[PDB]
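Before any questions on how it binds or moves, here is one chain, the form deposited in one PDB entry, in structure tokens.
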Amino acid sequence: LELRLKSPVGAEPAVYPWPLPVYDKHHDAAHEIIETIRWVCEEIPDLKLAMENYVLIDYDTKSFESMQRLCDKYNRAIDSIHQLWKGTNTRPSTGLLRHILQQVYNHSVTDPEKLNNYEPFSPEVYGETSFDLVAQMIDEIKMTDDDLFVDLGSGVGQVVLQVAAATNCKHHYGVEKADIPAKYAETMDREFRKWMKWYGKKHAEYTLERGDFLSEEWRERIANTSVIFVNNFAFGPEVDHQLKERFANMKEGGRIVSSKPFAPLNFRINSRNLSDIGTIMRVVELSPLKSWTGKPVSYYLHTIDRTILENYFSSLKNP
């Protein structure tokens, strides 16, 4: 007993077992199937035309026969479209990408309790505000093929996957130390590549790896990164201190996007604070509220700029 969805680009079909998996109290694989069919119909108008539209109204998620009929109508419509295309890879839309990331998560993180994460902006709630805030961050930073993006403490790798599907960075890296999210990240990686191929969508190169971003090997890797993403909101003072030391080796114009600033927003260089990281980096608070109707959230953009320090010294020598 199983259900199959043919790929719109002729990749291997998506296969679901019956009874269909349940994700939470109000979400399951049956809703995922219906939403997948709807998304494919949306971005392939010929499919929407060939598809018997009533089938998306009259379905019963608790009936194997009804769900099989729904999948069959979609599969026949896919077949008709493939016949039309017989007779003579872009990036996913923001809406499709939100769907893909949720789908990759539900097929990968089968036991979300094992994460032991009770925090806001955690893998289990990525769809609520994280996805929208990360999308805003992507639009604001405007990365190119010369950039290298790194998420320090990448969890199950959701930020890396979103950024890789949206930008043309040379490479995207996610580094995670904890065993359970790093293990889940391996499945997220496989599931993302599989689903992106199923939809026929392109993504930039990325790597999800297990490691300690405070290690010796990661010192030079942070120094060579042009865009660091770090959810440091709950980090201790020792980790924060160690991170500022790593950032102090970054190149001019290197950027850090974070949930808590690494230097004060109103930093004023003087003879008593020449040690502070604020001497070599600009910091700005970015808020989507400044057509955002979600949570009143903010993030912090840091830009390596050693002319802050140079200007202080030239001002002492040129009074």
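Between two forms, the rigid core is defined as the largest C-alpha subset superposing within 1.5 Å. Residue positions are given as counts along the sequence shown, with the first one as 1.
The next section is about a form of this same protein that is not shown, the form deposited in another entry.
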Exercise. Just one of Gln103, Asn231, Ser122, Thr225 has a CA that shifts 2 Å or more between the shown form and the other one on a core fit; which is it?
Worked result: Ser122
Problem set entry | Cα separation of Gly155 and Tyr126 in the other entry versus here, shift of 3 Å or more | closer
For this session: Can you tell whether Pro120 sits closer to or farther from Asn106 in the other entry than it does here, judged by CA atoms, where the change is 3 Å or more?
Result: farther
